[PDB]
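We've got the same protein chain twice here, in two forms, each standing alone as structure tokens: structure 1 and structure 2.
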Structure 1
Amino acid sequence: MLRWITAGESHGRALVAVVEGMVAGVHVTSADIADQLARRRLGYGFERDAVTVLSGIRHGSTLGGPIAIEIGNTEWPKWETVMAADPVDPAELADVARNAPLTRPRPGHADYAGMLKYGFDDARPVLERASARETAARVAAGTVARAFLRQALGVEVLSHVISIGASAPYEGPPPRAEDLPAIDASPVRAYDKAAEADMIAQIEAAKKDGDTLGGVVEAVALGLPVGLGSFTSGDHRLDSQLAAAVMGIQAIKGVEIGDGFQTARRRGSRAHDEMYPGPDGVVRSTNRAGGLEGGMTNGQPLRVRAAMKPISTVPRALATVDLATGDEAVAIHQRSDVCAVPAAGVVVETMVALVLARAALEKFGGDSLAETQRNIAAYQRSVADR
């Protein structure tokens, strides 16, 4: 089964992504990976294309075994001692200001709970793993999943920001032809020009106020066959899977499929997507469901929305405790950006792509892309021939 693992501290030597269980014969290259990593850097307002494929890909074609992708820490010389893997003379570390203890947990971050959980007196070991720099590894891994999805199913995963801060939410989703304008081209990775203006204005105002913003992104997966995921068990549902993968993203506090929480406010009479005959199979004219019924892809665009809390600690605003003393403190921020919502959309795409590729491989099996594609073709014929 497709599995992905991420390793790396934000300031440690390197990040690693390992993707296990991908079929041989999928075309992906380190350029594709660096491309997605660049997309992750999008948003009002990287470091660099040396990422390195360590294993699993040969001549741009997956080998069938584990694919390990390293992403180098571009400022490793700064962190070489502070985040040294090996022991470092504790006397030559007591001189290092960079190694000063972090004992004031940031509200909203892993710091406090992580410190108590692991018995750390310093938040460094926690924030190092917990930081959203980890999502770069996620994205390196999702690239394999995207390539597979495109090549096996003609599936495209994209995202667009629906709101940032108190902006007025957008309604009506993009296809893949729009990803270019959405992707920066647009500062807030907005599909809609009016929501874009409203969100840009939200960012300017929070920047000016010295504040930080969250937002809602929607990922959209197009071209998916019916019957990915299953209704046979709670955890087999794609719903469940997508929500795990998406909510596990740093700062994500909410997920919905299609109209989500708003569906919960509708009447059954207008909550669902009715079906009608077409030349080609059943057609629908709404997609309130967001492409999922009974935990399965239902032939409509998959739409996953995530709510991102503000991730950047606002500079001198948040009372905390200095865990060393028990005394009041002010939370010191680690990040300086007002808003990471647009890049969160790209992380969401990544998570969705991973789950989707795993589900596709579950149903269609195969050890090589050609074999999976044959099985996909046979399944599509069986659904067409009915």
Structure 2
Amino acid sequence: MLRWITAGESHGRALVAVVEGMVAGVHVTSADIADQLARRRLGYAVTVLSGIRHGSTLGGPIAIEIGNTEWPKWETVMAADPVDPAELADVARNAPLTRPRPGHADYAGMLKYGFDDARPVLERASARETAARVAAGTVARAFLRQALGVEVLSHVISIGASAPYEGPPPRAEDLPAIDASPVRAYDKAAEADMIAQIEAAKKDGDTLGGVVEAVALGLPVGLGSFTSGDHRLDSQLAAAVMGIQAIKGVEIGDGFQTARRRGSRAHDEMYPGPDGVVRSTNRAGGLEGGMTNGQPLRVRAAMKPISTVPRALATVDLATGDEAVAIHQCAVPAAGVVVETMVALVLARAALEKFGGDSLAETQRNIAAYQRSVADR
């Protein structure tokens, strides 16, 4: 049973991702992880410490370290061990952060943990942590591809007030074009609209959020279950995606728009096919009653504008109780990449749950046999 953990402060020495429960024999390398970390940097130092040998998973815990290049600047302010308080009071960088940014973990985090300073909160809350997620996600990704022939990608639906691209989702062969787009858009018209919204926001010195859609292709029928709320795959995906920094909404398939349609036009009808049932629409986004139906999985995430707009947001100085202005510390296309990663981690877990196995070869045997059994129906 797959588990993943991230660790690290934004300005700490390094980030760590640990993945536990991954079967032995999955091919994945430092380079794969770096490639995926590079994809996270798209939009307008990796060390594998354990669990992988000669590019193949060992079956034990996989620990992946991501170095922080800025560490020399932070090694006193973010030092693990005590530092002379007199030497530290002379360090401008160590100044108190007492003006919580609206929209961020600052205020609630300070109160919750009894902090006088927001620094310990933002260091961990920061979306720099998503880099560790992506390191972990790459392992799930390699597993999904090699065990199931499953591919995970994403594309941006809207940024700011752009008109949502509601056409067909991309396939895996479209990923280079998507990744090459400044807004990771699949649709050229939608692309132009989004770039325009960004240009105008940039000019106004403002910030934007957006909507992104992860797509997983090639899934077998029956991952997740209808047996309880927690086992529904959409429940698990929603947790994994909503828990991403700045995400305020999650949809499966046509999501909130489904809730505005009539039953006669809301669902995906089934028809006879050569190698099983075929559907002509995918309004469900590949999930029905908590399980994969074989159609492309579509998961959409709504990201709020996350970058603090300079001198726009009133706040309070918790030190004084006086009015203040939040001092700043779009990322929509990268959010799409992070969503891919969380979707992959969840899918990989659900796959190991149904197909079991301790090595890829074993898991592959069980998959094959389940597929043969379904075909023989």
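What we label the rigid core is the largest C-alpha set whose atoms superpose within 1.5 Å from one form to the other. For residue numbers, the reference is structure 1: its sequence is counted from 1. Residues that one form lacks are left out of the comparison.
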query	finding
Of the candidates 255, 183, 222, 153, the only Cα that travels 2 Å or more between the two structures, given a rigid-core fit	183
C-alpha of residue 279 off by 2 Å or more between the two structures on rigid core	no
Residue shift check between the two structures, rigid core fit, residue 172 Cα at least 2 Å	yes
After superposing on the core, C-alpha shift for residue 195 between the two structures in angstrom	0.6
Displacement runs between the two structures, C-alpha, 2 Å or more, three or more consecutive residues, core aligned	172 to 184
